[PDB]
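> 3D model of this:
(one chain, ligands or ions: 2)
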Amino acid sequence: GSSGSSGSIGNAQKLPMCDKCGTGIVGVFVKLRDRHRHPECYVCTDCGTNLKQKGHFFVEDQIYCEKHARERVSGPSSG
Ligand SMILES: [Zn+2]
Ligand SMILES: [Zn+2]
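Numbers count the residues shown, from 1 in each chain. Ligands and ions are numbered 1, 2, ... in the order given. The coordinates are given below.
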């Protein structure tokens, strides 16, 4: 464990907090339409594949891989 993260600081430039985890992003990242995510979180939510090239889909306010997304957008409906 690190048990660090020390350093007193006042105001700070606004950062696009990731959606998957929920933490202020810094540096390289994947900016979504109206949302923001990390360069590693951008991966699918079901399995976790790099949607960098493949791409991400919108289902129930979530992101998945065409492989999973298609299955969700097409099929049953979980209340
Ligand atoms: Zn994240
Ligand atoms: Zn998936």
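> alpha carbons only for contacts and neighbour counts from here, please
Fine.
> Tell me how far residue 60 lies from ligand 1.
19 Å (CA to the ion, to the nearest Å).
> do the same with residue 61
16 Å.
> mind listing the strands for this protein?
Assigned by DSSP state E, the strands in the chain fall at 30-31, 36-37, 57-58, 63-64.
> Which one, of the ones you listed, ends up nearest to ligand 1?
strand 36-37 (5.5 Å; CA to the ion).
> and the closest one, which strands flank it?
strand 30-31 (antiparallel) (DSSP bridges).
> For the partner strand, report the contacting residues that lie outside it.
Under the contact criterion CA atoms under 8 Å, 6 or more residues apart in numbering, strand 30-31 has outside partners 36-39, 42.
> which one of these is nearest residue 6?
Closest approach between those and residue 6, by CA to CA: residue 38, at 22.4 Å.
> what's the neighbour count on the nearest residue to the closest one once chain neighbours are set aside?
Of all residues not flanking residue 38 in the chain, residue 29 sits nearest, at 4.8 Å (CA to CA, 6 or more residues apart in numbering). Burial measure for residue 29: 16 neighbouring residues, criterion other CA atoms under 10 Å.
> How much space separates residue 29 from residue 19?
Taking CA to CA, to the nearest Å as the measure, residue 29 falls 12 Å from residue 19.
> which residues do those two both contact?
By CA under 8 Å, 6+ apart, the residues touching both residue 29 and residue 19 are 36-37.
> Enumerate the residues of the protein near ligand 1.
Within the chain, the positions near ligand 1 by CA under 5 Å from the ion are 18, 21, 38, 41.
> So what's the residue count around the third one?
When you say that, I think you mean residue 38. 24.
> My read is that it contacts residue 18, right?
Yes - Residue 38 is within contact range of residue 18, at 5.7 Å (criterion: CA atoms under 8 Å).
> what is in contact with those two at once?
With CA under 8 Å, 6+ apart, residue 38 and residue 18 have common neighbours residue 25.
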